[PDB]
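# Summary of the model geometry
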Amino acid sequence: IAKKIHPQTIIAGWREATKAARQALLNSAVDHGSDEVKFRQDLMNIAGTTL
Amino acid sequence: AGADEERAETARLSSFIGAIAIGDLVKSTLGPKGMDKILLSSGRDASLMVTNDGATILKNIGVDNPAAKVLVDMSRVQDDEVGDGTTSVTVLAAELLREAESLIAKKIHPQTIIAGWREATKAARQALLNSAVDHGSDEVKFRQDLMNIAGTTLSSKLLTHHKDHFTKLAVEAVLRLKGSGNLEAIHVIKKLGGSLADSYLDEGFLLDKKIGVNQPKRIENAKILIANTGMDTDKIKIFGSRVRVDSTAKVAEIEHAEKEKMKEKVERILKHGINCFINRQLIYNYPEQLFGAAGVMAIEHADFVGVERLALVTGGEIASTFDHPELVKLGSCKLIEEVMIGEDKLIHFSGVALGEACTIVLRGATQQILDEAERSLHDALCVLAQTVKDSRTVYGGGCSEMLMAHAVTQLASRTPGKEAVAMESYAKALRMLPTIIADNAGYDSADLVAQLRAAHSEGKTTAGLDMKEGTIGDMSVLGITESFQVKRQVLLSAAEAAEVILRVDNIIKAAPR
Amino acid sequence: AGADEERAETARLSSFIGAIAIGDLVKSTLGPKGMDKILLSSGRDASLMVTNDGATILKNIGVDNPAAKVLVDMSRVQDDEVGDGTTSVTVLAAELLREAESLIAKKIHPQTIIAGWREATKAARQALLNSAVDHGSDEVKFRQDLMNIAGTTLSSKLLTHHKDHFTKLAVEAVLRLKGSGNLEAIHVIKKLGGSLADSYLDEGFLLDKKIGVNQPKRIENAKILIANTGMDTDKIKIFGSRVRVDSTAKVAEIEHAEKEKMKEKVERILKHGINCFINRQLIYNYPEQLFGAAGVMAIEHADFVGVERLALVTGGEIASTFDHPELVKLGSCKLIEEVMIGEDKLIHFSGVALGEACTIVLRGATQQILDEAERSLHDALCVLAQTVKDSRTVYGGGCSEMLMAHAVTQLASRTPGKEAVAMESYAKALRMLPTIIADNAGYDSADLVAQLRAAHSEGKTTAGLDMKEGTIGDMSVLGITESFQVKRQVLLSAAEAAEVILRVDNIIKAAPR
Amino acid sequence: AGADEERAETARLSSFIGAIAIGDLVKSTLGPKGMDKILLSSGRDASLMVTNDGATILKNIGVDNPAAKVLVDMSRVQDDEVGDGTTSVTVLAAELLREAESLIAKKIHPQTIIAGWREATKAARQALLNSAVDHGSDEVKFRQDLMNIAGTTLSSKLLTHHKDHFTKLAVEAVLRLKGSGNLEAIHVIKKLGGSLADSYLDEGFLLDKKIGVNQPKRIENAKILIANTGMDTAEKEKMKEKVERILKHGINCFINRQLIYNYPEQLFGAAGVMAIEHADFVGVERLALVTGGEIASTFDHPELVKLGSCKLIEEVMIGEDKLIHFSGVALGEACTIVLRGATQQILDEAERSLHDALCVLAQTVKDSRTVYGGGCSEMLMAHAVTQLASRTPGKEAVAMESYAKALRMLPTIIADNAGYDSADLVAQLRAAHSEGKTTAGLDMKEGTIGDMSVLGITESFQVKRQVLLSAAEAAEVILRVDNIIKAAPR
Amino acid sequence: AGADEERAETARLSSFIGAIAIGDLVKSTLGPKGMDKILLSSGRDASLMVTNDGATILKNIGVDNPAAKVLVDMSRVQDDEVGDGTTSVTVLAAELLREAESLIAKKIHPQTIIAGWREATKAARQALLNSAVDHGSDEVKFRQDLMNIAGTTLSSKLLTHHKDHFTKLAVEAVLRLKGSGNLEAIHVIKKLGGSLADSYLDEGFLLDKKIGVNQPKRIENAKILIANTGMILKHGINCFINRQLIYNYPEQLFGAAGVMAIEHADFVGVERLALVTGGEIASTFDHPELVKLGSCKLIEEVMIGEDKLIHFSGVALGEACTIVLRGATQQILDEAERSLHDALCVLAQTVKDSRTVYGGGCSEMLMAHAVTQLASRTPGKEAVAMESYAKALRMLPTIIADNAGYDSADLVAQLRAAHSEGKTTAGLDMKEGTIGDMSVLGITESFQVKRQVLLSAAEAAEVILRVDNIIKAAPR
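Under the PDB entry, the name given to chain E is T-COMPLEX PROTEIN 1 SUBUNIT BETA, and the source organism is Bos taurus. Here the PDB entry's recorded title is "model refined against the Symmetry-free cryo-EM map of TRiC-AMP-PNP". The Catalytic activity comment attached to chain E in UniProt states, word for word, "ATP + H2O = ADP + phosphate + H(+)".

If you check the PDB entry, chain D appears there as T-COMPLEX PROTEIN 1 SUBUNIT BETA from Bos taurus. The Catalytic activity field of the UniProt record for chain D holds the comment "ATP + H2O = ADP + phosphate + H(+)". According to its UniProt record, chain D has this under Subcellular location: "Cytoplasm".

Here it is as structure tokens:
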């Protein structure tokens, strides 16, 4: 409201947000394999996170 | 305490108040990125309709005691002639009343001033034949088809990032409807779901509804059946209740009667080659088993408004009792099918032999504001059909308005007299339009007004307001243009509506608790 | 206020205030530039109505406590006799009361004072053939047909910007209306479609009904049939209901009777060449099917008032039962057709052989401003009819009022006693009319009054108030003349309205608590 | 909660309302067809007062809640530099505020609007000198010395039956006032006794005082003594010192700005010397310039330290009441005027009227520029300023046109009090000025446009330059602040 | 039933309001579009008085019930040791309170929020060396002598259209001033007239007085006489200057002699003139000749534009000079007197500090990007206090731009990107309306203004949080 203008141009920030999302999608973490079934990669991961 | 009796000065104010109240709601609508309002009142109102189109909402409701209803009704005739783009006619009339306070200062005659509006005709004609407008629209046409007025009408709306593409699309619709006979039969719907294109063009009329899970996916050389009376049978003039009986045998007599209704429906239907049945109401279950095996697609509780539109398209039908098939029905034939539109399933009627009616479909991103697209199409569709018929347009972005203002300012001092004060008041009215175009875009209005005048004053007609730029630029490069008849009529409509209200000042009120 | 019982001097004031309150609203209504007002009410009033005609609005509503409604009611009798032009009868009665303040000072017998307007009768003889007059109105007449009283009648009306042209059109209508008619065969309607002309003069009658969508678009060498009795045949003694019957045994007899009605209508019809059928009431469905094949257009439920007017136009008919066709029927045969006008579907009757009756169609945009045109026109028709018959007129724009005023001033001083005080008061009343016209001219009133009196004093009846001039000019060149009837009647009843109000003292009851 | 709830948008309105109430009352006051007003009040007010001078009535009363006291107060200092003639300054300042309605439409910074005031600087200047006020006043001049602008100030005023003759005389007074000296040494008092002329021009200063009944009736080749210290104070020694020094000089008159001691008074009568008790200081300073001056200190003051003119000092009976005349000043730089009227309030108006005359006329000689009256100057400037609003760049363009239309009301105000149609007047008027005739203006007598110069109505150049600068700042301060007037700050 | 009760959170509110009340009146003053306010008082206050700078007006008197008087007193000591710049120190302290509302949401310990202030003392130090910014102030300096910090001081002021040139001029005066030579003998006024420079720097001292009408207009090969005691031919005396009343008898003598004398000349002007002319021994009438030292290039009365002034010039010593200044006459013009005092202090600091930072807001944005990181490195309770301080820096870019007559929102984005890149030169250009190169402009800020401005803001903020009650009563 202290902007004192057209809020709608500011909406372009959402467009900006998709770029922001990209630096999250292409910039951090991830994992190497997951061959299927797997001897030790089966869990001790995300289920624990939810838990 | 009192009885709300208004005297002279105050009475004028109530006419004044009505014009200002309407202007605030409509001003948001003009120019890029307008607000969008729903308005639900209950009481013979069957939908919460959202419209940023000023003409449609003002007409729908006669809200209160103060005078304004008479002014509003006229704009529709204008719509008939062309009346669209951005709703500025009402706003322009409203600012006319602001000078009325200075009018008291102008101690003279209120209706002498009125001569200013006939004089507005002089201004209306001045807009005409003054300032080369444009020229083109040969037939079909490659580049000149769009990126013009539809874009400007939609410029006014927020959607113009993705949306200008949709506006571009709308000319294809006019091209297919070209040479057949005026502007008629255009229906637009929005789709829940997101695609970059945000719109698909179908060869025919579009509906939402399906018979059931069973039935052939698509029908060809389809015959169409429309029935006023439902397929439902039971209560007639004889009652049983909610009955089943004492054993098995008696149940058979009731069963046999139901079969007879099924039997008539299939026997009559197969000879015609029936491909699709559309009913505007509840449909009895028995015929669906029949329709599925036959290969006929029926629609339960189809909306009446779609049906009337469809009849013009197909060639019409006469709807009565089960005698309704064969030649009493005039179903047209090409292709009727349900086509996977992105996400949700829709049914499409197409290849209509008559060809006088056509349909366009817009997608969007799944919101109640999705309906914003429906609003944009009305804006786009109406202008282009006229663009074909007028064969004339004017430069957009307020180029036309600033030049006209320059010519009118000179005129007031030149004519000595009572008339000159009235003539000059009209002249600064044009000044606000440049101001509104700049304010909505996202730039400071004060700087814009004066910078704009210097370029127009110089003599360049092409130069105008560039909203994306934040300053001024070449309108022609943008391609934005305004239909020629919108300007002739808009100037006349403003004057006629405005004259009656200033001349009118007696308003009656009830009480304050 | 807030506590009220009336005795002697207090009662008189309520009569006094009511007259002044109405005078200001009606005063604007007098002269070439008048004013219009709108009133808003609920429970039988659809919306704010714009009333130019003072008599129409005063009759419609009883807004408040003070007594003046009874004075208002009398004006209607005047209206049928002649009524309109400008509303001046109420104003003169109201101005009578301002010097009543002088009367308390006078202190004797108010009844003795009443003798003063009997004296005004003397003024009436004085005003008899005193004031040159206008020779014109010989019959039909080329130039003097209008731009006279009708223009002045419409001067007050809020449509004069284009309306004065409409008025000019109306005399053409009166010329056909004189000699061999009455005051019949006059009908006019308004249609959407903004245009500078705002009206069309038709050579025939204007109607808006259709047989059905089917039937030939255009008919020629037309024959017109009018029937008093409806084509419908069935209900009589034992209708039962609309019917479908058990199988096909009993009902076959009833439709056969119907077939006889179907055939009689066609057999008589084909020989004549019948192009159009007009029936005033419900029409039977069976013949409708038959008319379409023949190529004959018929009108269902045509209004009786329109039909009879048409009968004089066509050549007449004798309307009886189905023996109506051939020779008893007389039908004009120029051209009958259905033509779309702007928006609303409409049909036109034209080329009438008689030539004594015609219809005028007005154009607008369906705002109630358009509604205003419907009865504005009515006002114009009435004044012209009087102008041909009277063969008597007086000079317009205040010319009549100043001349009489100079002469009446002499009478007060010349006649000794009680008579002198009562006559002088009547005389100053006339002075305000010149002043009112100047005020609504946009020109300084003080200067106007002074110069005005000198020209009338000089001896020129033709000279009068020219608002456009700002000064005194020659009324005759303008062509603005007032009909003789408006001046004699106003003087006669002005006296009587005054008589009931002050002839009594003490009105009995109706209080706030 | 105490009282009075108003902020930001409503703050402007209180300022707005004060300006409108004053403008209609003051408008009828202006020029030859000006009108008087009567006021009734209680408490230190006894009856109805009627003032024809707009500045005098405004100062006297702060009647109600709206704020306009400060705006009103400033005009008085204006009536020092020039201030009068006809009161138009308040009227023009008030109309400036009306455009503030358009300012809400601006919906931005009210202060950047203020730059319009500088627009006024170019705009006030333009038409100020791109038009000729009048071809010129030579300085001294015979026929054109007056019978013009002073008369116009007087036309509004009742006294102008014999007064107009008085007005012509004041110009002669400014002729001797010409120079680098500027505004000093002018004394005017109404006088008892009468003649048709109603005024006399003295070649020297006029003082109202007498030593006492005793003393020489008349002095010649008079010596003038001015003392800073009083004669008030062994006593016999003070008496003797004064007499021995006094006789050698020939001392004819002594003037002291304070109380005088009784002992010397007996001595002065026998000696032949006239002394003045409690003579006002303001008369004395002017006299020192006139007599060549003297150094005023203690009784050592006599001989050379004292310089005295000797042309003519006497006490003379005029009409009825005795007065003392100082005359024959060698310097010539300073002079005094004595007015002898018929006798009444109209006579008392004379002190009022040349006070006004001295300042208008004093710079008329020096400015060598005067503008045509009757609004001739105002219409011409309005035609020129209309072009300017379109011509200027950005902020300046909308603001510049608002100033321009303010000029239009002046033509209307002069015509309106006349009793003629204002609309018609504006129309005919603008065409004449636009054509190029500077002399042509509004003729109230005629009812249309006529030649202002023949009439003799002219306005000083200075009133137009200063009023335009003054009108701007007063409006600017009001918009600048919201509430106003409380106690000890932050 | 409601006399007045307040503890901790309510107590905080009275302190909170005092900071907000002062901030709205002061904020208008800041920047090019600064505003002048009018105040009226009774009791040894005659009429309404308006002051453009916040420090002068706040100190004169104390209005009311809420605490604020103690906060106000600190700025004058600050002014004595450096100065004004533009008033802003009070504003920064006031905005610190606005995050108090944020603190309740935090729900930890408001008292140790306070411990954050000594973090600030460190923060002023970290406002240094982690960022670059100086690289200048070598000696006299070629291009960067001025069009510097003074221009920023000037930016608030209206006159900047031609004034900025005047500001550039002021450092030249300081360079001559600089050294062991004490901060004395500098005199400056203003004059009305034309010329592009809009100001002249003269060789000698400027004075405005006249002997009287009857004296010689011009003197040459001038001799100067200064006497301690109140009231020639052999010396060839051209001008006499006396600090006090002058006796009338000599005045007649001087006029025919060809000698111009000055009555009641101010002592401060006289002493400066003495240093300038080589001095004099001011005794009794024995004073003329050798005991009197008089420079003789030329003394004359010169019309600068419209008004006549007496100018002393051609001084042999060179140690002390005078600045004329020029203007368009208004109370705003007297603001130049305000700015003048302001300018002298800045430059004196510049000679011996040997350090500066880029102006035009360049310093503030760079610090902001860096300070966001700084809170994180420190332990978290300490970090919250410092991070809040860091967000305060965002307003400064906005205030400079807002008063520029350009869109503030646009400015914030573009400004940050330039600073983020790593070039300290880029900053806010008010003239441009967009971001530009500050170094081309030549704007650099004195190192002292930044070091103590930070300290003043800190103290103003602390007084409100650490004391629960500032009130009084006595009813029982």
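The discussion continues.
Residue and element names in this part refer to chain A. A positive phi is found at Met-44, a non-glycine position, where the angle reads about 60°. When you line up the elements, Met-44 lands in the loop between helix 2 (12-25) and helix 3 (46-50). Overall, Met-44 belongs to the exposed group, its relative accessible area being 61%.

All names here are of chain A. Taken together, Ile-5, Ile-10, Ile-11 and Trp-14 make up a surface patch of nonpolar side chains, about 380 Å² in accessible area. Tracing the backbone shows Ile-11 in the loop between helix 1 (7-10) and helix 2. You can call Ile-11 partly exposed: its relative accessible area is 35%.

Let us look at the side chain of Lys-178 of chain C. Residues and elements named next belong to chain C. The residue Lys-178 is located in the loop between helix 8 (160-177) and strand 3 (188-192) in this model. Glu-139 provides the closest opposite charge to the buried, salt-bridge-free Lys-178, at an N-O distance of 5.0 Å. Those residues within four positions of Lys-178 in sequence are excluded, and the remaining contacts are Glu-139, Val-140, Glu-356 and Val-388.

Counting residues at the interface gives 29 residues for chain C, matched by 24 residues for chain B. Between chain C and chain B, a total of about 2,400 Å² is buried, with carbon and sulfur atoms accounting for 59% of that surface. Remark: the boundary between chain C and chain B carries 2 salt bridges. With its nearest N and O atoms 3.3 Å apart, the salt bridge here joins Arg-76 of chain B to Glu-343 of chain C. Our enumeration of links across chain C and chain B arrives at 6 residue pairs in polar contact. Those elements giving two or more residues to the side of chain C that touches chain B turn out to be strand 1 (37-39), helix 8 and helix 12 (368-390) of chain C.

Before going further, it helps to spend a moment on a negative patch on the surface. On the surface, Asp-444 and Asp-447 of chain B together with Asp-407 and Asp-410 of chain E cluster together into a patch of negative charge. Among the secondary structure elements, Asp-447 of chain B is positioned in helix 16 (residues 445-458). According to the relative accessible area criterion, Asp-447 of chain B is partly exposed, its value standing at 47%.

All names here are of chain D. Domains assigned within chain D are domain 1 (1-133 + 369-490), domain 2 (134-202 + 333-368) and domain 3 (203-332). Using only C-alpha atoms to locate each centre, domain 1 and domain 2 end up separated by 28 Å. If you look at the interface, domain 1 gives 21 residues, while domain 2 gives 17 residues. Carbon and sulfur atoms make up 43% of the area that domain 1 and domain 2 hide from each other, which totals about 1,600 Å². Contact with domain 2 buries area across many residues of domain 1, yet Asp-84, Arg-369 and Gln-462 alone supply 26% of it, more than any other trio. The interface formed by domain 1 and domain 2 contains 0 salt bridges. Linking domain 1 to domain 2 there are 4 residue pairs in polar contact. Here the residues of the side of domain 1 that touches domain 2 sort into 7 nonpolar, 9 polar and 5 charged.

Residue and element names in this part refer to chain E. By the assigned domains, chain E splits into domain 1 (1-133 + 355-476), domain 2 (134-202 + 319-354) and domain 3 (203-318). A C-alpha centroid distance of 26 Å is found between domain 1 and domain 2. Taken together, the 32 residues of domain 1 in the interface contact 23 residues of domain 2. Buried surface at the junction of domain 1 and domain 2, summed over both partners, amounts to about 2,300 Å²; 45% is from carbon and sulfur atoms. If you look at where domain 1 meets domain 2, you find 0 salt bridges. On the surface where domain 1 and domain 2 come into contact, there are 12 residue pairs in polar contact. For the side of domain 1 that touches domain 2, the secondary structure elements donating two or more residues are strand 11 (356-358), helix 17 (438-441), strand 14 (444-446) and helix 18 (447-466). A class-by-class count of the residues in the side of domain 1 that touches domain 2 yields 12 nonpolar, 12 polar and 8 charged.

Another aspect to go through is the arrangement of the chains. Pairwise contact counts over the 7 pairs of chains in contact peak for chains B and C. Regarding chain C and chain E, the two do not touch, and the least distance separating their C-alpha atoms is 43 Å.

Moving on, we come to the UniProt feature "binding site: ATP" in chain D. All names here are of chain D. According to UniProt, the positions carrying the feature "binding site: ATP" are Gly-31, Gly-85, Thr-86, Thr-87, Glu-459 and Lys-464. One can find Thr-87 in the loop between helix 3 (69-81) and helix 4 (89-96). Using a relative accessible area of 18% as the deciding quantity, one classes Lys-464 as buried. If we ignore the near neighbours within four places in the chain, the residues touching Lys-464 are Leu-128, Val-371, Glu-378 and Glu-459. One polar contact links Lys-464 to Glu-378, side chain to side chain, over a distance of 3.2 Å.

How each quantity is defined
Residues numbered from 1 in each chain as written, not as in the entry; some residues may be left out. Chains lettered and ligands numbered in written order. Part of a larger assembly, values for the part shown. Heavy atoms only, no water. UniProt positions renumbered as here; feature names shortened; annotations may be inferred. Helix = DSSP H or I, 4+ residues; strand = E, 2+ residues; numbered from the N terminus. Buried < 20%, exposed > 50% of the residue type's maximum accessible area, 1.4 Å probe, protein only. Patch = residues over 30% accessible without salt bridge, like charges linked within 9 Å, V, L, I, M, F, W, Y side chains within 5 Å. Areas by Shrake-Rupley, 256 points an atom, 1.4 Å probe, with all protein chains shown as cover. Salt bridge = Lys/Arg side-chain N within 4 Å of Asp/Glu carboxyl O. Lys, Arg positive; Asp, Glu negative; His and termini not counted. Contact = heavy atoms within 4.5 Å. Buried area = accessible area lost by both parts, 1.4 Å probe. Polar contact = N/O pair within 3.5 Å; in protein donor to acceptor, adjacent residues only side chain to side chain. Charge placed at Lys NZ, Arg CZ, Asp CG, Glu CD. Domains from an automatic or database assignment. Nonpolar A, V, L, I, M, F, W, Y, C, P; charged D, E, K, R; others polar.

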